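Comments concern the structure below.
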Amino acid sequence: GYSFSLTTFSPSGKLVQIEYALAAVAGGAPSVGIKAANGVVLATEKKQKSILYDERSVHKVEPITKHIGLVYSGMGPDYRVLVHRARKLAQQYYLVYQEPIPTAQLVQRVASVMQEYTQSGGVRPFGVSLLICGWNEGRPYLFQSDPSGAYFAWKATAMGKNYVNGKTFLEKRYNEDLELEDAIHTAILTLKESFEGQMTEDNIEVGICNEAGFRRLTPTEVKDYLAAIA
Amino acid sequence: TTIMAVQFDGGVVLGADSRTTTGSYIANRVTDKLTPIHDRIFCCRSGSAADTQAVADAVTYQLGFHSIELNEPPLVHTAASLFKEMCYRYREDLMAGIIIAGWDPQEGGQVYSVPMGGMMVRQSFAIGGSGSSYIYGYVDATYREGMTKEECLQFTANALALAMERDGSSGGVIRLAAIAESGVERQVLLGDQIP
Amino acid sequence: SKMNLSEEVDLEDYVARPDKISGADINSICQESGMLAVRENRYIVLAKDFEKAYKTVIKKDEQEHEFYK
Amino acid sequence: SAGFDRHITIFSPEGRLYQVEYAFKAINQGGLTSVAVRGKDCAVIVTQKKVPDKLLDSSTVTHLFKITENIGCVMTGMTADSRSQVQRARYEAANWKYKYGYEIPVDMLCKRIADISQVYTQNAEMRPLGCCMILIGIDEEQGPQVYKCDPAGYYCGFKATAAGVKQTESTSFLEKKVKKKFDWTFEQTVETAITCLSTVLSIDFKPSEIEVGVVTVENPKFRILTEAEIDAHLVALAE
Amino acid sequence: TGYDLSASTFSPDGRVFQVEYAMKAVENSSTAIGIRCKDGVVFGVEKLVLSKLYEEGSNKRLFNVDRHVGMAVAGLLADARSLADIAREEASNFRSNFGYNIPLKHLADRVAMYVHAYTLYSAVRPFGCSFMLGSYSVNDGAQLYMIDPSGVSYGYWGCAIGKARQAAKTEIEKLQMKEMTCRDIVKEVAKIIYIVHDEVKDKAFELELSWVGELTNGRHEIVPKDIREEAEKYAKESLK
Amino acid sequence: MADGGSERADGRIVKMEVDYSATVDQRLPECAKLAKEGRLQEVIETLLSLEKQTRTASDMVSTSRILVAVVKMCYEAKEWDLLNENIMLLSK
Amino acid sequence: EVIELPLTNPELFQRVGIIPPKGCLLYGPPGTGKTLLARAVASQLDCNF
Amino acid sequence: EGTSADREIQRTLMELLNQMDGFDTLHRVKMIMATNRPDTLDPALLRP
Ligand SMILES: CC(C)C[C@@H](C=O)NC(=O)[C@H](CC(C)C)NC(=O)[C@H](CC(C)C)NC(=O)OCc1ccccc1
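Protein chains in written order, with the authors' numbering: chain C, 5 to 234; chain X, 2 to 196; chain W, 350 to 418; chain A, 6 to 244; chain G, 5 to 244; chain B, 1 to 92; chain V, 147 to 195; chain P, 245 to 292.
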């Protein structure tokens with residue numbers, strides 16, 4: 005009877021439905037986030053199933069505020085719903101306090117939205133995991149919000165297929181005194197380890213959040229980093 | 002301010018002045034009172050600029066959904082009925098008088114006058130606004146059945162011009178539209194028809 | 350070594366290409382490439398034969414529903 | 006897995022949504038296939054129209070629907086479900102003119118249609134809707150645009166797209182054609198779309214069976230091609 | 005099959021059984037045949053008298069949706085009377101807001117949407133009745149549409165709903181509906197119903213005939229008594 | 001129709017012998033009508049075959065009366081084109 | 147074609163070095179290719195099965 | 245696979261794969277699995 009509902013406790017441990025949602029997050033395109041001394045760099049593997057799909061349409065790394073960006077691993081339709089809500093909460097903060105939302109607070113507010121779906125009822129939890137980034141307070145911030153609603157901060161993290169391989173790669177090569185450009189190279193390399201194919205400017209989408217804002221790298225820019233190694 | 006519509010056999014000629022006034026100040030000396038509700042239906046609006054702009058936009062949205070939904074060109078009688086229903090329902094709230102004149106394949110060129118009450122009447126010639134009182138005689142004197150589009154265009158330009166001169170509220174430029182099976186031809190007369 | 354081989358094919362090029370190719374998958378690429386040559390009646394397996402089988406073997410998702418990413 | 010979320014829209018071990026995945030199958034239950042091809046300056050929708058009985062009006066049975074003057078869609082799936090989506094898409098396109106003062110971009114109609122579908126998946130008390138919608142329109146600064154939406158709520162922009170029973174084979178023919186470098190003109194795009202259905206079905210259909218809708222940069226309005234025009238293209242491709 | 009119980013639940017293959025179960029009840033119902041003659045649409049229903057205590061005109065299966073539009077229903081009558089009310093309301097609102105009599109194409113689309121909505125929700129069973137709508141207008145000419153229990157609506161030159169839909173449709177195809185005058189068509193409808201009556205199995209039956217057309221001046225009136233009597237005589241002679 | 005096809009063959013055989021090449025072009029619409037006709041799908045095909053047979057005689061003329069082997073290739077593609085309008089699932 | 151090449155020449159498959167394919171699956175609609183054509187293959191190879 | 249009876253036929257299919265290649269292949273005899281009867285087809289069997 006357990007594992008079919010999020011409104012009932014496991015007869016010993018914890019509700020299984022949230023854990024199944026985590027399984028859907030695990031079955032996602034690899035996403036790598038590398039916090040660096042001067043910025044946070046986020047990346048995902050965007051591979052179209054067929055040549056026909058246009059690579060300039062739906063975008064995996066999407067800006068939420070001028071200084072805040074989000075990346076996702078998990079079911080793609082669910083991501084758009086939270087991308088809209090996160091953006092809206094950032095606007096409501098600006099109207100109420102006339103300041104861009106701090107990155108830490110946005111993650112807490114986004115997490116509360118995700119927790120509401122996990123609440124009792126027909127509603128099923130979001131199947132996406134997120135990697136919010138920010139440059140608020142002069143400090144680079146990288147955070148993760150899970151379907152359950154827990155939020156954590158990562159110097160570097162990976163989600164989706166081969167998260168373990170990526171995390172072990174990150175353990176070996178991530179230092180701390182590294183510029184965003186060096187962080188860009190490491191982020192591309194971790195995706196390459198889990199990339200089933202040859203990475204191309206279209207294949208990888210990379211987004212940076214330096215002390216200027218969150219700007220998705222232009223396809224030409226991604227190609228230059230993919231070229232010359234990395 | 003001054004709005005008039007005359008129905009020739011193949012279409013309707015609609016004309017109006019260009020003045021929006023707050024007190025004795027002219028907010029816009031060049032106002033397009035005539036607005037396209039649909040491809041072949043136009044409404045000339047008199048009364049409150051805000052109320053008229055809102056009801057016209059609301060009808061344009063409702064008619065557009067109806068035409069795509071039914072896959073047919075909209076009849077003028079329905080367009081008038083949509084304006085009439087809103088005006089009667091919000092009679093106390095709105096202060097707008099509208100002349101709905103358009104070409105419909107089923108019934109041909111037609112002119113409908115919705116007074117501020119929301120009453121609807123189909124009229125061969127309808128004049129509306131502050132200037133209308135001044136030209137009521139010329140309109141019921143120089144109107145002859147079976148006038149050509151060119152004659153109707155001359156009649157509207159002359160009747161609106163006579164009212165604009167008498168009414169302080171109405172003045173500026175005369176905007177003329179002729180709607181037919183071919184479509185709508187819009188001309189601006191720079192205060193011509195001086196008598 | 351067991352099969353005749355093109356004798357001009359570079360096996361290394363296929364090895365350098367990535368993908369999670371298991372030992373069973375590698376066996377399929379080689380066996381299918383030989384089979385494709387038999388279908389086209391070539392006694393010697395050809396470089397083109399290997400690529401077509403390699404693509405067939407890396408069916409990867411094959412189906413899937415796009416959502417679930 | 007099976008025997009778990011089979012009866013409800015809930016998560017399954019391995020995070021699989023069974024009821025939403027079953028919805029993609031219902032589109033195939035329609036028994037019809039559609040192909041849409043983008044072009045240098047044109048977007049073409051082609052579908053197979055089957056008249057089951059002579060005592061049925063060919064005009065009434067159409068799966069090509071105009072949503073707005075510049076936007077038209079092909080609906081593959083259950084007929085009732087396809088029509089409900091068409092009303093919602095027309096309402097949203099109309100609201101966009103009503104609340105934003107401009108016509109809906111084709112990309113934006115898809116997001117709105119997909120978002121309605123996604124909510125049905127997350128919240129219960131709704132069947133997902135057994136239909137797939139392909140939308141064609143010309144966008145200034147984007148060129149002709151072909152876009153597709155799924156019952157799950159997935160939306161994407163496709164250079165060429167197919168749906169229905171023969172979608173996998175149809176995409177495969179399109180993949181070879183798209184791989185060729187040459188861009189396609191209105192004649193070529195109508196030809197590629199008709200050939201894609203012809204190769205996949207092998208019907209060699211008469212002008213009545215194929216329904217073609219085309220939107221062009223020169224004529225932005227979505228136009229449903231008349232039977233005579235459809236035949237002229239069909240004879241020319243045969244040569 | 006287990007998955008068959010809920011309208012909200014798709015089957016693993018990809019179909020909803022609850023929608024299908026509604027259609028089988030429509031199939032069990034007595035046949036109703038409608039033919040679109042050039043001058044209007046004529047509707048006949050094989051209404052079955054039961055008990056004989058019930059007075060004539062009881063349980064009528066022919067209803068007037070609007071003065072111009074008319075409806076023939078096959079299935080549970082109670083579901084049909086509800087659908088007729090929904091259509092009467094939609095026609096009422098259309099004349100009410102748009103100002104002109106409802107186009108049959110629009111009324112059919114709206115009633116179909118109400119039938120479609122019932123299929124998507126678990127609380128409400130899908131409607132179990134299938135109906136056809138016919139009207140005559142100078143602007144649109146004669147129009148006939150049929151809506152199934154799954155809310156699918158398409159135009160038909162001729163259509164039959166009920167146990168003998170297939171048998172009647174074969175007889176309907178022979179008639180020259182495109183150019184036939186409606187007064188002649190009424191007689192053909194009587195014959196088609198008499199051919200598919202299966203009277204020995206169904207015992208007694210009462211023929212209901214409905215007419216909308218240029219002759220009727222766009223009013224869906226029941227065929228005047230005596231015109232039906234002639235059609236009944238023509239059908240009886242043809243049967244023997 | 002079979003009687004019409006026999007009439008078409010008899011009418012143009014004399015015309016084809018007299019004409020350099022245009023008469024084959026003249027009988028091409030008759031070929032199109034027979035390709036379009038599916039009433040029999042067998043006898044109509046033989047009438048098309050009779051027209052093709054006259055086309056073979058025209059090819060003998062193309063090798064002899066017209067420049068050797070010049071219009072035969074154009075006719076061969078054209079006969080394939082006549083088949084193209086109504087493939088009929090590569091049957092009949 | 148698949149059955150005949152090993153049946154005519156297993157040694158040619160041996161020269162290629164590919165094991166001759168042991169079997170093929172005739173997935174098809176029931177009865178049309180299942181009730182009938184099951185033993186038609188036996189005539190195609192001209193031997194009892 | 246079931247508590248009362250498991251997938252003995254599926255085990256036989258895996259055993260069949262072993263019999264088909266190596267231990268029992270001679271005389272160019274083809275053990276064609278030309279059957280649409282099985283509900284499930286082994287992915288490993290599908291391998292060339
Ligand atoms: C539809 C217009 C083109 C007709 C226009 C004629 O000048 N009418 C008007 O402009 C009416 C005057 C009218 C009551 C006599 N006045 C107005 O619309 C002006 C706004 C100006 C900036 C243009 N005043 C206004 O709307 O606020 C007071 C008010 C509010 C509601 C109704 C009437 C008056």
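Positions of the beta carbon are idealized from the N, C-alpha and C atoms, including for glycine.
#1: Output, in chain order, the set of chain P residues within a Cβ distance shorter than 8 Å of residue 158(V).
#2: Got a sec: does ligand 1 put a non-hydrogen atom nearer than 6 Å to the Cβ of residue 49(X)?
#3: Kindly list, in the order they appear in chain W, the residues whose Cβ is closer than 8 Å to that of residue 209(C).
#4: Give the straight-line distance between the Cα atoms of residue 50(C) and residue 410(W), rounded to the nearest whole angstrom.
#5: Taking 6 Å as the limit between beta carbons, can you name the residues of its chain near residue 170(A), skipping five residues before and five after?
#6: When DSSP builds the beta bridges, which residues end up paired with residue 128(X)?
#7: Count the other CB atoms, across all protein chains shown, that sit within 10 Å of the CB of residue 102(C); report buried if there are 16 or more and exposed otherwise.
#8: Along the region 55-71 of chain X, where does the CB come closer than 8 Å to a CB of chain G? Name the residues.
#9: Going along the chain, which unbroken runs of the beta strand (DSSP E) with 3 or more residues stay wholly within the region 44-78 of chain C?
#10: Quick check on residue 99(A) - is its C-beta less than 7 Å from some C-beta in chain X?
#11: Identify the contact partners of residue 373(W) in chain P, using a Cβ-Cβ distance below 7 Å as the criterion.
#12: Determine, for residue 26(A), whether the minimum Cβ-Cβ distance to residues of chain W falls below 7 Å.
#13: For residue 142(C), count the other beta carbons within 10 Å of its own beta carbon; 16 or more makes it buried, fewer makes it exposed. Which is it?
#14: Can you list the residues of chain V that residue 353(W) reaches, using a CB-CB cut of under 7 Å?
#15: Could you tell me whether any Cβ in chain C is nearer than 7 Å to the Cβ of residue 146(A)?
#16: Just how far apart, CA to CA, sit residue 233(A) and residue 199(A)?
#17: For residue 92(A), which residues in chain C fall below 9 Å Cβ to Cβ?
#18: What in chain W is Cβ-close to residue 171(V), meaning under 7 Å?
#19: So what does DSSP say about residue 190(A), is it helix, strand or coil?
#20: Within the 7 Å Cβ cut-off, does residue 403(W) reach chain C?
#21: Pair every Cβ in the region 56-65 of chain C with every Cβ in the region 152-159 of chain C, then say whether three or more of these pairs are closer than 8 Å.
#22: Measure from the alpha carbon of residue 27(X) to the alpha carbon of each residue in 122(X), 96(X) and 19(X), then state which is nearest.
#23: So what does residue 22(X) bridge to, in DSSP terms?
#24: Does the region 151-165 of chain A come close enough to the region 111-120 of chain A to have 3 or more Cβ pairs within less than 8 Å?
#25: By how many angstroms is the C-alpha of residue 77(X) removed from the C-alpha of residue 67(X)?
#26: Flag residue 200(C) as yes if its beta-carbon sits less than 7 Å from any beta-carbon of chain W, otherwise no.
#27: Tell me, which residues are paired with residue 159(G) by DSSP?
#28: Might you give, ordered along the chain, the residues of its own chain that have their beta carbon closer than 8 Å to the beta carbon of residue 219(G), omitting 5 neighbours on each side?
#29: Quick one: residues in its chain with C-beta nearer than 7 Å to the C-beta of residue 81(X), no 5 flanking neighbours on either side, listed in chain order?
#30: Per the contact definition of three or more C-beta pairs closer than 8 Å, is the region 74-87 of chain A in contact with the region 189-203 of chain A?
#31: Note down, in chain order, every chain C residue with its Cβ under 9 Å from the Cβ of residue 359(W).
#32: Residue 85(B): which of 15(B), 21(B), 36(B) and 17(B) sits nearest, CA to CA?
#33: Measure the alpha-carbon distance for residue 200(G) versus residue 84(A) and round it to whole angstroms.
#34: If you follow the beta strand (DSSP E) that residue 180(X) is part of, which residue opens it and which one closes it?
#35: Roughly how many whole angstroms lie between the Cα atoms of residue 381(W) and residue 400(W)?
#36: Answer yes or no: do residue 122(C) and residue 94(C) have a C-beta to C-beta separation smaller than 7 Å?
According to the data block:
#1: Contact annotation for residue 158(V) against chain P: no contact, minimum CB-CB distance about 11 Å [criterion: below 8 Å].
#2: yes
#3: The premise fails here: residue 209(C) is roughly 13 Å from chain W at the closest Cβ pair, so nothing lies under 8 Å.
#4: 14 Å
#5: 33 and 38
#6: 5(X)
#7: exposed
#8: Correct list: 67, 70 and 71.
#9: 44-49 and 76-78
#10: yes
#11: 291
#12: With 7 Å as the cut-off, residue 26(A) counts as an interface residue toward chain W.
#13: exposed
#14: 161, 162 and 163
#15: no
#16: 15 Å
#17: Per Cβ cutoff of 9 Å: no residues; residue 92(A) is ~22 Å from chain C at best.
#18: Within 7 Å Cβ-Cβ: nothing; residue 171(V) doesn't reach chain W, min ~16 Å.
#19: The answer is coil: DSSP assigns residue 190(A) none of H, G, I, E or B.
#20: no
#21: At 8 Å Cβ cutoff, the stretches do not touch.
#22: Ranking the options by Cα distance to residue 27(X), first place goes to 19(X).
#23: 27(X)
#24: yes
#25: 13 Å
#26: Yes, contact with chain W.
#27: 149(G)
#28: Closer than 8 Å at Cβ, skipping near neighbours: 43, 44, 186 and 187.
#29: The residues are 101, 113, 115 and 121.
#30: no
#31: Those within 9 Å of residue 359(W) in chain C number zero; the least Cβ separation is about 17 Å.
#32: Checked all of 15(B), 21(B), 36(B) and 17(B); the closest Cα to residue 85(B) is 36(B).
#33: Approximately 30 Å, taken between the alpha carbons.
#34: 175-181
#35: Taking the straight line from one Cα to the other gives about 10 Å.
#36: no
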